[PDB]
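Novice: What would the 3D arrangement of this be:
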Amino acid sequence: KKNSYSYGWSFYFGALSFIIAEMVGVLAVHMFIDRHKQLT
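Specialist: Numbers count the residues shown, from 1 in each chain. Next up is the structure itself:
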């Protein structure tokens, strides 16, 4: 106990990549629904 292990560097690049990938995936659906609403 009291080892003070650190989650450190580029592990956070995975956590950042999650947010970036999810912000990608939501915008795709905006493009879908807007692109389909154009042909309505």
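Novice: quick one, phi/psi of residue 32?
Specialist: According to degrees, to the nearest 10, the main-chain angles of residue 32 amount to phi -60, psi -50.
Novice: If you could redo that for residue 39, that was the one I meant.
Specialist: Note on residue 39: its backbone torsions stand at phi -90, psi 50 [degrees, to the nearest 10].
Novice: count of neighbours near it?
Specialist: 5 (other C-beta atoms under 10 Å). All C-beta spots, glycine's among them, are computed from the backbone N, C-alpha and C.
Novice: repeat for residue 40
Specialist: By other C-beta under 10 Å, neighbour count at residue 40 equals 4.
Novice: Over to residue 5?
Specialist: Residue 5, neighbours per other C-beta under 10 Å, totals 5.
Novice: Please apply the same query to residue 13.
Specialist: When neighbours are counted by other C-beta under 10 Å, residue 13 registers 10.
Novice: and if you look at residue 31?
Specialist: With other C-beta under 10 Å as criterion, residue 31 counts 9.
Novice: what residues are up against it?
Specialist: By C-beta atoms under 8 Å, 6 or more residues apart in numbering, the contact set of residue 31 is empty.
Novice: Now do it against residue 24, distance only.
Specialist: 11 Å (C-beta to C-beta, to the nearest Å).
Novice: same thing with residue 33?
Specialist: Applying C-beta to C-beta, the value for residue 33 to residue 24 is 16 Å.
Novice: Residue 3 now?
Specialist: Residue 3 is 37 Å from residue 24, by C-beta to C-beta.
Novice: Comparing these two, which residue is more hemmed in?
Specialist: Using other C-beta under 10 Å as the criterion, residue 3 and residue 24 rank with residue 24 on top: 9 against 5.
Novice: Just the CA atoms of stretch 29-40, as CSV, please.
Specialist: In CSV, the C-alpha atoms belonging to stretch 29-40 read as follows (Å, rounded to 0.1, in the frame of the first residue of the first chain):
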residue,chain,number,x,y,z
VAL,A,29,-25.5,11.4,-38.1
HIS,A,30,-25.9,15.1,-38.6
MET,A,31,-24.6,14.7,-42.1
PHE,A,32,-27.0,11.7,-42.6
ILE,A,33,-30.2,13.4,-41.4
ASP,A,34,-29.4,16.7,-43.1
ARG,A,35,-28.4,15.0,-46.4
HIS,A,36,-31.6,13.0,-46.3
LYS,A,37,-33.7,16.1,-45.4
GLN,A,38,-32.2,17.7,-48.5
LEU,A,39,-34.0,15.1,-50.6
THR,A,40,-37.3,15.6,-48.9
